[PDB]
Amino acid sequence: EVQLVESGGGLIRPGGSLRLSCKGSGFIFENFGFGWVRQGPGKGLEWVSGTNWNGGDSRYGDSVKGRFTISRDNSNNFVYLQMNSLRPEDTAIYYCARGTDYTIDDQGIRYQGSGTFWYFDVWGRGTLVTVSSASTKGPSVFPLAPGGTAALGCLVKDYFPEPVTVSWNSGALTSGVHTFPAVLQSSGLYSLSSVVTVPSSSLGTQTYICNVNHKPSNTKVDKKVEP
Amino acid sequence: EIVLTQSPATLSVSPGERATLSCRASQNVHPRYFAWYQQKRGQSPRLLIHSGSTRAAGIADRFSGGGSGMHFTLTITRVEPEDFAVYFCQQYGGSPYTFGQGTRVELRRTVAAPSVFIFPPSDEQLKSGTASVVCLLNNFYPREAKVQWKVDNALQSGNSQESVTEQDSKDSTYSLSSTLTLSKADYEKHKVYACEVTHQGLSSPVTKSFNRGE
């Protein structure tokens, strides 16, 4: 029953803005503090912003201070995060997270029902925020032509944005397939490759096709990988 | 700002064994102001311990937390198969609140040498000004592995990119790719293209190579 649904991700231009939203339900929203935690490319967690039950106390992270604003609407169970002057380094998965339902003051007195943003017991599925200045580009699909077995694959090079999906033989081939995580290149474009190991004797008979699809650029490629 | 450094970066453990994670703080942190999280692949973080030693909701009693000052720990008494994930420490004794870099608890299997393959650039790609050579390291353990490119014996640097799969769910192995990207003109001026792999399961560095054109 207890849910936190984010909304408001996507592609942002350097210098642009974005407002995140989080709808809480299944609990007394009024009693809890809230926060946002981001997760960068191949990285860990970074505490971004947090506000307490009545939105009166609100702190931010060093790298985001002065650019971001957090706020809430208890009568409608929403918590927002305004993001101004975004930079490429801000590219991360943003999680809406529920803080405590209590707090302690400087005197060591614990206040029940007045939550804050120390730690987070409930986390949303998170939303991806991509901050790049790149135009949409379709990838170039290249063949990776072939102990006791043989390896072949496809090179999916220079595309934007994420993601692409790769399959072998329209989905008929799964065993041995390793589709690698994309790597961001110095140009801001992504590249990846998908490989599969097969019996070295089947090369002359069985045909192998890789199915590459990149929706944002309207690009589908079916490449037949041969010796 | 308070910096949190976790160690080790990777704890390779077998099921049923004891696991003790460590977090080090740049400054003194109050013992009752610390938290730990678990992070499975593709999932959101989940609170394990809060306020230093208190287990969160629905957390198995095999998890425990302790520490003070600049040294905090998380202990799994006996790791179950559903305990393999990344773990984050987090301080909130001082603002701005900070996390650790994370510690991946991996399934420790037996050592397995990688299968190694090398792929020359397609002619199709060469007909477009660039040349990419790919070295494939299939199914190996542990994941620590050195890949070195060489072009006419001269070993390369600053022009390659590695990518590694998540640990396999069926045989607990890793696969790695390395991509050497050259300009066509550079690719034309050399014959020998080699990928030298160093790994623990190899008594000596394995080399797969090819002569351009042949």
# chains A, B, ... in the order shown; residues from 1 in each chain; ligands from 1
call {"tool": "interface_residues", "arguments": {"of": "chain A", "to": "chain B", "cutoff": "10 Å", "atoms": "only C-alpha atoms", "output": "ChimeraX atom specification"}}
result
/A:37,43-50,59-62,95,97,117-126,140-147,149-153,155,157,176,178-185,191-197
call {"tool": "residues_around", "arguments": {"residues": "residue 26 in chain B", "least_positions_apart": "5", "cutoff": "10 Å", "atoms": "only C-alpha atoms", "output": "ChimeraX atom specification"}}
result
/B:1-5,69-71
call {"tool": "residues_around", "arguments": {"residues": "residue 78 in chain A", "least_positions_apart": "3", "cutoff": "10 Å", "atoms": "only C-alpha atoms", "output": "VMD selection string"}}
result
chain A and resid 4 to 6 21 to 25 29 71 to 75
call {"tool": "residues_around", "arguments": {"residues": "residue 93 in chain A", "least_positions_apart": "5", "cutoff": "7 Å", "atoms": "only C-alpha atoms", "output": "list in words"}}
result
residues 38, 39, 40, 126, 127, 128 and 129 of chain A
call {"tool": "closest_residue", "arguments": {"among": "B:186, B:171, B:82, B:106", "to": "residue 151 in chain B", "atoms": "only C-alpha atoms"}}
result
B:186
call {"tool": "select_by_dssp", "arguments": {"residues": "range 73-205 of chain B", "states": "strand (DSSP E or B)", "output": "PyMOL selection string"}}
result
chain B and resi 73-76+86-91+98-99+103-107+112+115-119+130-141+146-151+154-155+160-164+174-183+192-198
call {"tool": "select_by_dssp", "arguments": {"residues": "range 12-148 of chain B", "states": "helix (DSSP H, G or I)", "output": "VMD selection string"}}
result
chain B and resid 81 to 83 123 to 126
call {"tool": "write_last_selection", "arguments": {"atoms": "N, CA and C atoms", "output": "CSV table (one decimal), in the first residue's frame"}}
result
chain,number,residue,atom,x,y,z
B,81,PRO,N,21.9,-16.5,0.3
B,81,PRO,CA,22.0,-16.1,-1.1
B,81,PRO,C,21.4,-14.8,-1.5
B,82,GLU,N,20.4,-14.3,-0.8
B,82,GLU,CA,19.7,-13.1,-1.1
B,82,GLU,C,20.4,-11.9,-0.4
B,83,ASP,N,21.6,-12.1,0.0
B,83,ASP,CA,22.3,-11.0,0.7
B,83,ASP,C,23.4,-10.4,-0.2
B,123,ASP,N,35.4,-4.2,-42.5
B,123,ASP,CA,35.8,-3.4,-43.7
B,123,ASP,C,34.8,-2.2,-43.8
B,124,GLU,N,33.5,-2.6,-43.5
B,124,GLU,CA,32.4,-1.6,-43.5
B,124,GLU,C,32.7,-0.4,-42.7
B,125,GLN,N,33.3,-0.6,-41.5
B,125,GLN,CA,33.7,0.5,-40.6
B,125,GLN,C,34.9,1.2,-41.1
B,126,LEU,N,35.9,0.5,-41.7
B,126,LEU,CA,37.1,1.1,-42.2
B,126,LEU,C,36.8,2.0,-43.4
call {"tool": "closest_residue", "arguments": {"among": "A:77, A:69, A:175, A:31", "to": "residue 113 in chain A", "atoms": "only C-alpha atoms"}}
result
A:31
call {"tool": "closest_residue", "arguments": {"among": "A:173, A:112, A:188, A:138", "to": "residue 212 in chain A", "atoms": "only C-alpha atoms"}}
result
A:138
call {"tool": "atom_distance", "arguments": {"atom1": "CA of residue 81 in chain A", "atom2": "CA of residue 115 in chain A"}}
result
18.3 Å
call {"tool": "closest_residue", "arguments": {"among": "A:51, A:187, A:91, A:103", "to": "residue 159 in chain A", "atoms": "only C-alpha atoms"}}
result
A:187
call {"tool": "residues_around", "arguments": {"residues": "residue 85 in chain A", "least_positions_apart": "5", "cutoff": "8 Å", "atoms": "only C-alpha atoms", "output": "PDB file with C-alpha atoms, in the first residue's frame"}}
result
ATOM      1  CA  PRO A  14      22.793  22.346 -20.045  1.00  0.00           C
ATOM      2  CA  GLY A  15      21.449  25.486 -18.372  1.00  0.00           C
ATOM      3  CA  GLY A  16      17.864  24.266 -18.487  1.00  0.00           C
ATOM      4  CA  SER A  17      15.436  23.517 -15.668  1.00  0.00           C
ATOM      5  CA  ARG A  67      20.493  25.799  -7.673  1.00  0.00           C
TER       6      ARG A  67
END
call {"tool": "atom_distance", "arguments": {"atom1": "CA of residue 152 in chain B", "atom2": "CA of residue 130 in chain B"}}
result
18.5 Å
call {"tool": "residues_around", "arguments": {"residues": "residue 105 in chain B", "least_positions_apart": "3", "cutoff": "10 Å", "atoms": "only C-alpha atoms", "output": "NGL selection string"}}
result
:B and (8-14 or 19 or 21 or 79 or 83-87 or 102 or 108)
call {"tool": "atom_distance", "arguments": {"atom1": "CA of residue 2 in chain A", "atom2": "CA of residue 96 in chain A"}}
result
13.1 Å
call {"tool": "residues_around", "arguments": {"residues": "residue 145 in chain B", "least_positions_apart": "5", "cutoff": "9 Å", "atoms": "only C-alpha atoms", "output": "number ranges by chain"}}
result
B: 176, 197-200
call {"tool": "write_last_selection", "arguments": {"atoms": "C-alpha atoms", "output": "compact mmCIF listing (two decimals), in the first residue's frame"}}
result
# COMPACT_ATOMS: atom_id res chain seq x y z
CA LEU B 176 34.78 -8.12 -20.16
CA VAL B 197 45.39 -10.36 -20.93
CA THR B 198 46.76 -10.80 -17.41
CA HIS B 199 44.59 -12.75 -14.96
CA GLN B 200 44.92 -14.88 -11.81
call {"tool": "closest_residue", "arguments": {"among": "A:32, A:168, A:80, A:111", "to": "residue 221 in chain A", "atoms": "only C-alpha atoms"}}
result
A:168
